[PDB]
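Take a look at the structure set out below.
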Amino acid sequence: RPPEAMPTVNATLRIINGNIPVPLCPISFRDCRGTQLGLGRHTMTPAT
Amino acid sequence: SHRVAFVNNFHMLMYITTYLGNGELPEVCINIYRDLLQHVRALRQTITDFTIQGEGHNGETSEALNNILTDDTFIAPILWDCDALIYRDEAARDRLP
Amino acid sequence: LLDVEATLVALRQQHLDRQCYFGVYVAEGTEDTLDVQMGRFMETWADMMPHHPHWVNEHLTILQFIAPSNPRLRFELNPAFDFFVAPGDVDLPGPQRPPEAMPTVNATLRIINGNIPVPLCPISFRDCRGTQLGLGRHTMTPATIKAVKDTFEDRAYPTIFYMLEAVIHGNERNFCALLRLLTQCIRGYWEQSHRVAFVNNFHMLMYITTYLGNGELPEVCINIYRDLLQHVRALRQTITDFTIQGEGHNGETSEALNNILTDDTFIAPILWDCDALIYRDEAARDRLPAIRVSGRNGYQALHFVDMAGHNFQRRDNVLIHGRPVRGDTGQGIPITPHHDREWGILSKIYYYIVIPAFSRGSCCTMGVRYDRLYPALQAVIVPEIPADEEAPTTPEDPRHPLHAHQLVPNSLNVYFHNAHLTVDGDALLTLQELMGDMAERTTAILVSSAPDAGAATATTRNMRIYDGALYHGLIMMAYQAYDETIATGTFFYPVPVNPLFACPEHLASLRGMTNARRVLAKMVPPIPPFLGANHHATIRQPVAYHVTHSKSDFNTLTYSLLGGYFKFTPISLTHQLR
Amino acid sequence: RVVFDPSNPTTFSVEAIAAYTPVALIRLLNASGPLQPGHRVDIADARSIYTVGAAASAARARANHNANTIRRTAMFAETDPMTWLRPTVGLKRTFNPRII
Amino acid sequence: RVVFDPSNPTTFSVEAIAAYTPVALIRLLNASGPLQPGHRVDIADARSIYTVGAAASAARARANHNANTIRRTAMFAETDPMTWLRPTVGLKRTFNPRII
């Protein structure tokens, strides 16, 4: 049961990259940065 | 139903391609598992490729500072064994655990 | 191109800080390979390494290698030599304890066109060379690819085959006294999971096609073997065009000078027999040759040792071979290699081209502990079959070799149970004819000879070329490190000798894989210097970078490792530039 | 039967019933007592004894299936106290136990 | 049984016994000798007994099969002083010569 403490601003380190809110790092850029990775890499064949 | 088994777990996914792989399971069914562990191992392989080798500091090495997944001070949302908690105490000694 | 006096003697004037004394210092071995791998190269290589790792960084690009801050940019001056800082006032390997002095720069000649570090002949050029070299040459179907690469990257390959090729050891006397069970297990791993068997020794792969491609297989499981053979032969044919005929000089004709895969003076990594030995002995008659068979200068060898001659734990300089198939057998032949040159030139094209493509680095050699391998071989439980009644084929038959009642733990008949194969009486009791050819001890060897006639001046032979190997051991597949019905490191043990097979994930089978060293095995390639070193050798980690990160389309890496196996030595230009 | 007996079963009477039989017997009766005779030991007591009791009642229900099968052996390394001179390989259990 | 002793098998006590017989008895016995009786002599010398006598331990349960098959011929040419006027060709072992 949270006490009746007055409001206050706090801060916490966004530990990883993906914590940046998406209206600052857009899905269309996320998936292109992902696609740059899987270049000549392994991918599951649709049968699987 | 052409529908594979033991996909909602990793231990269940792990306990098959080693032991149930000697030819007991149907090829076109077991090769799915044979592919998925390959996929998780190839997802681990790319972590090494996007980091520099040998720059560890204070317990946590290079690969323990780049990708939050590989680093041992992180935890999985399921705890079957107790080895992950032991491994977050072998390290994390100097991170006030 | 050998004019190096301006960089050798003018170099004992500048200053030299310290690096590791591992990848630049060489030693010798006298004991068996067991402890010198489990106890040596663990505690000293966790004291010599933890200060200033060196020479392994290859992630670099031609933009960062050339900036003024590169620690290596000072020691790279002539593309025909490998400059580095090493322990000085040493001219031989010596003991397993490095001496004390100020460092000193010894030299050595970069041999193959590939040893050029990665951010100078980038992988793009290195695998674009293939499409000019192999333009329309022998490509194989993709289904064989899907099969073989599966077999290689399999996390489930049974150890029955592992023990199988450590109990044949190449000689043909037993090779043909077991064939029923052998085709039966090849069918058992093919017709069950659609993956071929015995792909870990081109010895076996050249053995098989000539005695299983004529009826005792299916038409496809042997055609895959034929693919893997004829592609090797096509790569052997690819260099016939990259040579000029008419410069036979000093025993070695032009066919030997072009590629290192032809060079008889540098020995294959896994040879059981004495082929390239004698092919090389009439060579090197001006190339300062010397050998090291388990710490000893000379070597002895017998013709066939028996079971009553057990003595697995010998120490002397013996190098066993199977049997001379015919002729005389008593005090007659000191030594004869089996066949003509088509063996020692060809048995390593597979090793150095084909396996590195399918492996991509998913392989690691493993010396074999035999004092529990033949002990746990001669106790097969096979059902006697009634003189009148026929033999069974099903595992439900209470008198089939596989029935679920006759199961006695700690037996060889159970390896098939953990394998899901079929066996009978005519297949498993034909095993104990091995009392005529038995491999006692896996060993270690050091061989050296000067360069060929192309790099022979008064100041280059003092930069000799060392080569270490492991006789009568095994090159191994992907490891599990997650099995329990069988142990971790109780039968083999990793002795990483080639940078194609220096996996750290496979190093986890030695007793004592401490995590404080498991961090360094992930970066620095585990290589005992008495069996090979980084700069002083022919195959390198800057070359091994072309097999790991090259991300080829799986049909170009093979041909890419071919033109990258040509020499850059003043004579070696005389043909390649035409 | 034993619904009006406080903590008396306690894996001292449940073992008698078979495996096939008590599955029809638990769903036979309907009510607890009006004087809460089968309540003053909590349901986490009655069920705590009933689970192991049914485990036993099915444990001696398989006390006869032994001489029609083959025994359980060692499926792990579980190193032999006589490991020397002989490497001990575990047996994978996937076969058909039916011996005739 | 015979474990508390200095090299009693001695590549001798095994050709009397059938091949299948002893290998079951390993997981029967539990502990070794208390005085290290057969272990002061090299563990290697002890290992130099069973693996060199087992090819004769199996040779008798294979010497009962001897009268219900066909003896092999060599797998190579194996030049003979009488081979003239008939050329030698070798036989890869495939057949099922147990007499049925």
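Quick check, is D:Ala56 in contact with a helix residue (DSSP H, G or I) (Cβ under 6 Å, 6 or more places away or on another chain) and more than 14 Å from chain C (Cβ to nearest Cβ)?
When the stated conditions are applied, D:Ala56 passes them.
When only residues in the range C:159-194 that are of a type in the set (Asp, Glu) and within 11 Å of another protein chain (Cβ to nearest Cβ) count, which is surrounded by the fewest Cβ atoms within 10 Å (Cβ to Cβ)?
By that ranking, first place goes to C:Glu191.
Given C:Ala455, C:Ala450, C:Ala376, C:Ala419, which one is under 27 Å from the mean Cα position of the chain (by Cα), facing another protein chain (nearest Cβ under 8 Å) and more than 30 Å from C:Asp35 (Cα to Cα)?
Residue meeting the stated conditions: C:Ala419.
Can you list the helices (runs of 4 or more DSSP H) lying wholly within chain B that have 2 or more residues being over 17 Å from C:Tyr482 (Cα atoms), free of Cβ contacts under 8 Å to residues at least 60 places away in the same chain and more than 10 Å from chain C (Cβ to nearest Cβ)?
Counting at least 2 such residues, we get B:27-49, B:63-66, B:83-90.
When you scan the range C:69-84, do you find a residue that is of a type in the set (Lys, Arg) and surrounded by 13 or more Cβ atoms within 10 Å (Cβ to Cβ), even just one?
Scanning the range C:69-84, I find at least one residue that is of a type in the set (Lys, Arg) and surrounded by 13 or more Cβ atoms within 10 Å (Cβ to Cβ), so the answer is yes.
Got a number for residues in the range C:16-54 being surrounded by 15 or more Cβ atoms within 10 Å (Cβ to Cβ) and on the phi > 0 side of the Ramachandran plot?
1
Among the numbered criteria (1) assigned to a helix (DSSP H, G or I); (2) surrounded by fewer than 12 Cβ atoms within 10 Å (Cβ to Cβ), which one does D:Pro81 miss?
Condition (1) is where D:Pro81 drops out.
From E:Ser57, E:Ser7, which residue is out of contact with any strand residue (DSSP E or B) (no Cβ under 9 Å at 6 or more places or on another chain) and at positive phi?
E:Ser7
Every residue in the range E:10-20 that is on the phi > 0 side of the Ramachandran plot and either more than 12 Å from chain C (Cβ to nearest Cβ) or of a type outside the set (S, T, N, Q) (or both), please.
The answer is E:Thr10, and nothing else.
Please identify the pairs in which a residue from the range C:312-323 that is within 14 Å of chain E (Cβ to nearest Cβ) and under 11 Å from C:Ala439 (Cβ atoms) has its Cβ atom under 9 Å from the Cβ atom of a residue that is among the hydrophobic types (A, V, I, L, M, F, W, C) and not in a loop (DSSP other than H, G, I, E, B), counting only partners at least 6 apart or on another chain.
C:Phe312/E:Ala44; C:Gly322/C:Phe175
What do you reckon, is E:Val23 within 13 Å of chain C (Cβ to nearest Cβ) and touching a residue at least 24 places away in the same chain (Cβ under 8 Å)?
Taking the combined requirement at face value, the residue does not satisfy it.
Quick one: is E:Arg98 of a type outside the set (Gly, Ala, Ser), part of a loop (DSSP other than H, G, I, E, B) and either surrounded by 14 or more Cβ atoms within 10 Å (Cβ to Cβ) or in contact (Cβ under 8 Å) with a residue 40 or more places away in the chain (or both)?
So E:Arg98 fits the description; yes.
Could you go through the range C:394-407 and let me know if any residue there is under 30 Å from the mean Cα position of the chain (by Cα), among the hydrophobic types (A, V, I, L, M, F, W, C), crowded, with 20+ Cβ neighbours inside 10 Å and over 23 Å from E:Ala56 (Cβ atoms).
no
Conditions tested, residue by residue: (1) free of Cβ contacts under 8 Å to residues at least 40 places away in the same chain; (2) in a loop (DSSP other than H, G, I, E, B); (3) in contact with a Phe, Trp or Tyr (Cβ under 9 Å, 6 or more places away or on another chain).
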{"residue": "C:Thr460", "(1), (2), (3)": "no, yes, no"}
{"residue": "C:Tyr479", "(1), (2), (3)": "no, yes, no"}
{"residue": "C:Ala487", "(1), (2), (3)": "yes, yes, no"}
{"residue": "C:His535", "(1), (2), (3)": "no, yes, yes"}
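With the structure loaded, tell me whether C:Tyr370 is of a type outside the set (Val, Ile, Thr) and within 14 Å of another protein chain (Cβ to nearest Cβ) or whether it fails that test.
Spelling it out, C:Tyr370 is indeed of a type outside the set (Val, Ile, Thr) and within 14 Å of another protein chain (Cβ to nearest Cβ).
Basic (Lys, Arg), under 17 Å from D:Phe4 (Cα atoms), under 20 Å from the mean Cα position of the chain (by Cα) and surrounded by fewer than 15 Cβ atoms within 10 Å (Cβ to Cβ): does that describe D:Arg40?
For D:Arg40, the condition - basic (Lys, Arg), under 17 Å from D:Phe4 (Cα atoms), under 20 Å from the mean Cα position of the chain (by Cα) and surrounded by fewer than 15 Cβ atoms within 10 Å (Cβ to Cβ) - is not met.
Quick one: count up the residues across the range C:492-525 that are more than 20 Å from C:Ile355 (Cα to Cα) and either assigned to a loop (DSSP other than H, G, I, E, B) or acidic (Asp, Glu) (or both).
Number of matching residues: 8.
Could you check, for the range C:217-233, whether at least one of its residues is outside any helix (DSSP H, G or I), more than 14 Å from chain B (Cβ to nearest Cβ) and either in contact with a helix residue (DSSP H, G or I) (Cβ under 8 Å, 6 or more places away or on another chain) or closer than 24 Å to C:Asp273 by Cα (or both)?
Yes, there is a match, as at least one residue in the range C:217-233 is outside any helix (DSSP H, G or I), more than 14 Å from chain B (Cβ to nearest Cβ) and either in contact with a helix residue (DSSP H, G or I) (Cβ under 8 Å, 6 or more places away or on another chain) or closer than 24 Å to C:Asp273 by Cα (or both).
Out of C:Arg518, C:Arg464, which single residue is surrounded by fewer than 17 Cβ atoms within 10 Å (Cβ to Cβ), touching a residue at least 12 places away in the same chain (Cβ under 8 Å) and basic (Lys, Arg)?
Exactly one of C:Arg518, C:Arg464 is surrounded by fewer than 17 Cβ atoms within 10 Å (Cβ to Cβ), touching a residue at least 12 places away in the same chain (Cβ under 8 Å) and basic (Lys, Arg), namely C:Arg518.
What residue, of C:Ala147, C:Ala143, is hydrophobic (A, V, I, L, M, F, W, C), without any contact (Cβ under 8 Å) to a residue 40 or more places away in the chain and either buried (at least 20 other Cβ atoms within 10 Å of the Cβ) or farther than 30 Å from C:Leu16 by Cβ (or both)?
Residue meeting the stated conditions: C:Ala143.
In this structure, does C:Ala197 turn out to be within 14 Å of chain B (Cβ to nearest Cβ) and within 23 Å of the chain's Cα centre (by Cα)?
Against the criterion (within 14 Å of chain B (Cβ to nearest Cβ) and within 23 Å of the chain's Cα centre (by Cα)), C:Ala197 qualifies.
Please tell me if C:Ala156 is aliphatic (A, V, I, L, M), surrounded by 18 or more Cβ atoms within 10 Å (Cβ to Cβ), within 14 Å of chain B (Cβ to nearest Cβ) and outside any helix (DSSP H, G or I).
Yes: the conditions hold for C:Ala156.
Give E:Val3, E:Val14 a once-over and let me know the one that is out of contact with any helix residue (DSSP H, G or I) (no Cβ under 7 Å at 6 or more places or on another chain), farther than 30 Å from E:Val89 by Cβ and of a type outside the set (D, E, K, R).
Going through E:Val3, E:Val14 in turn, just one is out of contact with any helix residue (DSSP H, G or I) (no Cβ under 7 Å at 6 or more places or on another chain), farther than 30 Å from E:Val89 by Cβ and of a type outside the set (D, E, K, R): E:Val3.
Which of (1) within 14 Å of chain C (Cβ to nearest Cβ); (2) over 30 Å from C:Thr488 (Cα atoms) is the odd one out, the single condition D:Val89 does not satisfy?
(2)
If E:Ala44 satisfies every condition in (1) more than 8 Å from chain C (Cβ to nearest Cβ); (2) in a helix (DSSP H, G or I) but one, which is the exception?
Result: E:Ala44 passes all but (1).
Evaluate the range E:70-77: report whether one residue or more is out of contact with any strand residue (DSSP E or B) (no Cβ under 6 Å at 6 or more places or on another chain), surrounded by 15 or more Cβ atoms within 10 Å (Cβ to Cβ) and among the charged types (D, E, K, R).
no
Away from every other protein chain (no Cβ under 14 Å), buried (at least 17 other Cβ atoms within 10 Å of the Cβ) and not in a helix (DSSP H, G or I): does that describe C:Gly114?
For C:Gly114, the condition - away from every other protein chain (no Cβ under 14 Å), buried (at least 17 other Cβ atoms within 10 Å of the Cβ) and not in a helix (DSSP H, G or I) - is met.
Note: ideal-geometry Cβ built from the backbone for every residue, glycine included; neighbour counts use all protein chains shown. The numbers here are math on the coordinates, done by the rules we state, and not lab data.
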